[PDB]
Amino acid sequence: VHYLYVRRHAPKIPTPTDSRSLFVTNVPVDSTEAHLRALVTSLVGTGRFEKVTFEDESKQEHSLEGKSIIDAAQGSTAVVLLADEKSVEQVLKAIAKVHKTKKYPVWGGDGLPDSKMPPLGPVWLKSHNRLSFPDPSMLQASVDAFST
Amino acid sequence: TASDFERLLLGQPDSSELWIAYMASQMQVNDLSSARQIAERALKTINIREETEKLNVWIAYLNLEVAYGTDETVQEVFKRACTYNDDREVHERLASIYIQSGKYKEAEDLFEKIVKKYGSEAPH
Amino acid sequence: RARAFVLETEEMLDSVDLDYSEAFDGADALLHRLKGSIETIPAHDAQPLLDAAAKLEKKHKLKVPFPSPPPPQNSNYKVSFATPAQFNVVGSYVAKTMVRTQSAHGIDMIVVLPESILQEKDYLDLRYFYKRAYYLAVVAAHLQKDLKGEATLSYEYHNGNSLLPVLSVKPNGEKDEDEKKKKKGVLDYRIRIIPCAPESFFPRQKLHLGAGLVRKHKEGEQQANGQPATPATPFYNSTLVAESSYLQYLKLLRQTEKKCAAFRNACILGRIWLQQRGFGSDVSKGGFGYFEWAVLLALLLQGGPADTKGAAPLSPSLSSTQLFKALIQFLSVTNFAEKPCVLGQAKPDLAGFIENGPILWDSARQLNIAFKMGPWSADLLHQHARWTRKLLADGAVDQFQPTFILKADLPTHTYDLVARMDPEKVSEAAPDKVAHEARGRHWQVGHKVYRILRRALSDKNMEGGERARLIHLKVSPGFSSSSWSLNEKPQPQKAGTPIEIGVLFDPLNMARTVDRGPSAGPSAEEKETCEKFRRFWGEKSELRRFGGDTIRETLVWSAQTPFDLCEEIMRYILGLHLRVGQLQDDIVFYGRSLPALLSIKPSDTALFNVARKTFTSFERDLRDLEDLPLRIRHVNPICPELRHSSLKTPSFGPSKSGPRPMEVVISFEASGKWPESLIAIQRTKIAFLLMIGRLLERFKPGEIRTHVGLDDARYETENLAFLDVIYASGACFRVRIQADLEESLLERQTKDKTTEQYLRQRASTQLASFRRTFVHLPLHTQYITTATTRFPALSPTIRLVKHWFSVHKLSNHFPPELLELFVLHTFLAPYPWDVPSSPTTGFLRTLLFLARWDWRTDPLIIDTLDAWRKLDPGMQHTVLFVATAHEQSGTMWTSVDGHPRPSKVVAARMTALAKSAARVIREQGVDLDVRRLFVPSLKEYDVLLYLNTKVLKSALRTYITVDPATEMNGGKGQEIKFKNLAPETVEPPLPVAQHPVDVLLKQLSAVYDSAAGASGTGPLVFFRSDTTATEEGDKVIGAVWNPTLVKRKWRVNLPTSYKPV
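Chains as they are written, first to last, in the deposited numbering: chain CV, 30 to 103, 145 to 218; chain Cz, 1494 to 1617; chain UV, 34 to 897, 915 to 1111.
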């Protein structure tokens, strides 16, 4: 089983773009917007999601560090964002029971199973489609506007 | 030994015969780069005026390099021997050296080049 | 150098020194007792052959004649035994130059027969040798009756001399200070009683080499202007003069000791030189030992140069360091290795060097000290002497401890053969007649194998340049017993004679299809009809037109993959001249990645063709001539394909291959218009590259197409873009731009960010990885492309070592240039072995030295430190240290990629598999069971996972141009075609046919490591799944949990999948 640890990010938020979020650690493999929105839907009595920032992975594949750790020009924790001040208070009271479902009075099997995104044949093939052969159209426009 | 040799070089720093005895002992004991260092320090620390002493160390270096050295270093020390000493003299000495060493063909080439260069005024 | 040598010689001497209570009394007890015994044995009547045989059948001890024994019709004389008259000690013990030899040594003692039993004619027809062995049997049996049966005994030969039989006594037990002497395995291990002759009895001027003292024919051996008709018998005459002259070299050696007592240390260093060079005084091994070394040092201290000047580094007031050095350089250059066989002879006092005749002569005694030497031992001594004069010539590294083992005696090509010459007339073409018996001393077959193979592998050019496939030759008779029992006359052998042939080739002319000869003569000259050619070759002699417009005698071989044209020469020449005895060589490392082209396998032509000629036409000149706002300076090929190091030898086409994208550097001129930031300087590079791209796609070579793709090789640089050009011959070239301000801005971005105090190591990692991918590859490929012309084994050695690391799961983290310079360490610094002239032997020395090198105290250095070892005592960030004149830091290709380095991670399993890969060699041998190196053990792994590709049959094999998987019919010829691989679309389905497990663990190489570290078949650098997803391997991933995680406290910068407890 995979454990999810949920605590309060709120006492350390002085910047506005990080506000009303959750301090999440040890996200599952390839944890994205769809997987998180799906689990937050499966939680009952729960609000809406908008976006995930600071989604640089530090666990589920090997190496020394992540991808976007330092800003080169000048822990896989994420900042998970919800709809408004009303919507964050109703996801927390539903997590205060999911750690208790192991001793819930029917059984401990009522927890949500996490269906992964398996890397299929042509889907993970996209990794080779950026090293040498991406589309020639978008790469022409991004280079000329920064020079102008 | 090296200590007695350093003592006699402290006693007579001009003495090129004991200098070449020192580098001769070092070509017996076969550290030839060390013998190169001895003859270099000879050219540096022998009293400056003594042309016969410095040319004795020069001729000894030429003999050293035609014996145990190579073609590149014999030409290089040929060049510096010219720029420091009398040109026709060092050509004549390298001629006699090739004569003794039996390298008669490269001897002949040097004979040609000296009779081109200094054949204008030298009959010898 | 000299001071280090004298101190290290002193510590070696202190290590191998002796004990005085050992010497006296351990040797003296038996010497005094045994001399008492031999003086108490009696003498008998002068007895003939029939009485000799009559007592020798009914006594338990037996006579030891060498064949042929004398018949009573040919033997008319008498044999008697008389009392011993004198005693002396000869060899190393009277000199006291001994050491503690771990295997064995034995001191000799000399018991000379008296004068009255001899006849002045006895130097003819073996009669003296027979009465010597009669002396032997009598003195031996009387030793048997005086010892009361407590010491055991064997028969033996001295120095391998087949005409010098000896008895060798062995003790059995140990008490404190008694007769028995077991615990002393050097001076008391062996005692050998040598029968010999008094001094100056036989005429030495007749005992000359050129005089034949074995008269077999009597009719026609005269009227020939002197004596060339009677054939010379140099081994027999030399044996005679040596046993008659055992005393003179004894006293000459002693007077050289007491006029120079550095002779002890010099002979000791010479002894260690010979035991580690494997030689000895035996006839099978050349007959170079203490006797020869000591008398030659005596000879060169009493002279040696041409004008009879005293040898310059050999004054009697010198030391052992310079005495050993001068002896080495004289064996090197003057007249003591090969020149005493081809170009000259030397004298005893007053000693001189004269330019004629093969002999190591002494005059007043008339003996060749090198009588047991052949031209084989001559060329071996020449290579050893040259290597040793260079090792004493260097002045930077320490060179006392690495000492030479003869890989030329034991190469990969030890062609074992059975040869059953029974009977001799149907199983030997060379007539072993009475003339050959009178000439050779039992080593007929040895001389034949040496001679036949040298004229088999020798070639000769147009301009007189002697150039061959052979430099050194050896025949070592395995299963040759020099000791034997007490009840038998010869040594009998019923398993035949095994003949090894250990050959070091010459790699510059090893793979040439042609064997050359003399001028195709109008009239048949003697070398046209001689024993080197058309009769000695047979059916393979023809006429071929050359490129130098002159007609010559020619041989045409075949170039193929699994073995060598040299081996084919061996099989046919042995089968035609020696005899039809079989020949085998099944040592298989040539089954590498085999490039699929015409005439499999291609020699050093394919890499040249594809990379160099398609890079000439058309990338270089069009990219230089292309009009652009910034002018191109340098376009420099820097791949393992250029520097002769690629694992796959690629072809035209194979876009599915890892090593096929060729990384290359192009820079622009010095302009200050580049911006001052990373993403801006990279978008300028992307703009420049897309302009190159549009011009090259609209120009007339428009069959080539371009595209701009990103990279993930360098960390935290996400807008790097390339031009990878797909030539009409399927070439691929990864291009890159440098900028001096880009280098300095990565320097400053490592310099900034002070206030966080924990990012300097990652900043230095990014910096030095940028340094790897940009800076040093130009000069590195220049150095290796220059080293290629002198070392022609380098490319296939790199293929074998890289393929070994590919099957042993290490090159996914190990960079390729690391292993490249690792094979270059044993190439340009081949000590303490010879030149790698074979790819398999190169793989073996890389295995040997990676196994025997320690990472803890020894840093490697190579000609192609004291500040990092203090803060890392346990070596957790670094283990390897790879430096040269190119890189002085030693930390560029080792600590930057991010190796885990405790004792149970990726970098720690390099050392564990190199030890065990040599344990297959010594115990069971080298055979078809050497396939266990190219399989993985797959042990000590915490979790193992099996993966499968979605491939059809023979994928990905055929499109890497390597041909396993025979279910494709025609992989042995040109069946597969690569011009159909030129795609219609640049999207899928062009990259569908790549390996979905190679890049599966590139992206699985970006996230964890603080939890775990694994290695798989995929990201093995510049390597595809062609040879490790078949019978030869398996596509697995093996993960080991790191020891720094057993349980820890809940933190934030944790990274690990961890469970609550």
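No residue lacks a Cβ here, since even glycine has one placed at the ideal position from N, Cα and C.
Under 8 angstroms, Cβ to Cβ, is there at least one residue of chain CV near residue i?
i, result
"residue 1103 of chain UV", "yes"
"residue 1062 of chain UV", "yes"
"residue 1055 of chain UV", "yes"
"residue 749 of chain UV", "yes"
"residue 771 of chain UV", "no"
Would DSSP call residue i helix, strand or coil?
i, result
"residue 1608 of chain Cz", "helix"
"residue 552 of chain UV", "strand"
"residue 1549 of chain Cz", "helix"
"residue 4 of chain UV", "Absent from the model: residue 4 of chain UV. The displayed extent of chain UV is 34 to 1111, so no value can be given."
"residue 80 of chain CV", "strand"
"residue 291 of chain UV", "helix"
"residue 123 of chain UV", "strand"
"residue 59 of chain UV", "helix"
What is the residue span of the beta strand (DSSP E) that residue i lies within?
i, result
"residue 724 of chain UV", "No beta strand (DSSP E) contains residue 724 of chain UV, which is instead part of the alpha helix (DSSP H) from 711-731."
"residue 303 of chain UV", "No beta strand (DSSP E) holds residue 303 of chain UV; the alpha helix (DSSP H) holding it covers 296-309."
"residue 765 of chain UV", "765-771"
"residue 856 of chain UV", "Here residue 856 of chain UV belongs to no beta strand (DSSP E); instead the alpha helix (DSSP H) covers 849-861."
"residue 754 of chain UV", "754-759"
"residue 148 of chain CV", "147-152"
"residue 200 of chain UV", "198-203"
"residue 482 of chain UV", "Counting along the chain, residue 482 of chain UV falls outside any beta strand (DSSP E), though it belongs to the alpha helix (DSSP H) covering 477-490."
"residue 226 of chain UV", "223-229"
"residue 139 of chain UV", "139-145"
Can you find a CB in chain UV that lies within less than 8 angstroms of the CB of residue i?
i, result
"residue 1522 of chain Cz", "yes"
"residue 204 of chain CV", "yes"
"residue 147 of chain CV", "yes"
"residue 37 of chain CV", "no"
"residue 93 of chain CV", "yes"
"residue 213 of chain CV", "yes"
"residue 192 of chain CV", "yes"
"residue 198 of chain CV", "yes"
"residue 170 of chain CV", "no"
When the cut-off is 8 angstroms and only beta carbons count, does residue i lie next to chain Cz?
i, result
"residue 429 of chain UV", "no"
"residue 673 of chain UV", "no"
"residue 342 of chain UV", "no"
"residue 373 of chain UV", "no"
"residue 346 of chain UV", "yes"
Residue i lies in the alpha helix (DSSP H); which residues open and close that run?
i, result
"residue 1503 of chain Cz", "1495-1504"
"residue 247 of chain UV", "Where residue 247 of chain UV is concerned, there is no enclosing alpha helix (DSSP H), given that its DSSP letter is neither H nor E."
"residue 158 of chain CV", "155-165"
Legend entry - Contiguous alpha helix (DSSP H) assignments of at least 4 residues, all confined to the region 1007-1090 of chain UV: Residue ranges of uninterrupted alpha helix (DSSP H) with 4 or more members, entirely inside the region 1007-1090 of chain UV and ordered along the chain, are 1050-1053.
*In the region 633-710 of chain UV, which residue ranges form an unbroken alpha helix (DSSP H) of at least 4 residues, counting only runs that do not cross its ends?*
Secondary structure within the region 633-710 of chain UV: the alpha helix (DSSP H) runs of 4 or more consecutive residues, fully enclosed, are 654-658 (chain order).
Exercise for review: List in chain order: all unbroken alpha helix (DSSP H) runs of 4+ residues lying wholly within the region 377-463 of chain UV.
Suggested key: For the alpha helix (DSSP H) assignment, the uninterrupted runs of no fewer than 4 residues enclosed by the region 377-463 of chain UV are, from N- to C-terminal side, 408-426.
Between the region 710-739 of chain UV and chain CV, which residues of the former have CB atoms less than 8 angstroms from a CB of the latter, in chain order? So the list reads 710, 711, 712, 713, 716, 717, 719, 720, 723, given in the order they occur along the chain.
- Task: Identify every run of the alpha helix (DSSP H) within the region 542-605 of chain UV, keeping only runs that are complete inside it and at least 4 residues long; order them along the chain.
- Result: The region 542-605 of chain UV contains these whole alpha helix (DSSP H) runs: 567-570.
Check your understanding: Which runs of the alpha helix (DSSP H) fall wholly inside the region 1517-1596 of chain Cz and span at least 4 residues, in chain order?
Key -> Listed in chain order, they are 1525-1538, 1544-1561, 1564-1577, 1580-1594.
Inset, instruction - Please go through the region 171-215 of chain CV and give each complete alpha helix (DSSP H) segment of 4 or more residues, from N-terminal end onward. - result: Whole alpha helix (DSSP H) segments, 4+ residues: 198-201.
Listed from N- to C-terminal order along the chain, which residues in the region 774-789 of chain UV have their beta-carbon within a distance smaller than 8 angstroms of any beta-carbon of chain CV?
From the region 774-789 of chain UV, only 782, 786 have a Cβ closer than 8 angstroms to chain CV.
| query | Which residues, in chain order, does the region 171-191 of chain UV contribute to contact with chain Cz at a C-beta distance below 7 angstroms? | reply | Under the 7 angstroms Cβ criterion, the region 171-191 of chain UV contributes no residue.
Worksheet item: Given a limit of 8 angstroms on CB to CB distance, which residues of the region 1008-1038 of chain UV reach chain CV?
Response: Per Cβ criterion, the list reads 1036, 1037, 1038.
TODO: Within the region 76-134 of chain UV, note down every full beta strand (DSSP E) run reaching 3 residues or more, in order along the chain.
DONE: Fully enclosed beta strand (DSSP E) runs of 3 or longer: 121-123.
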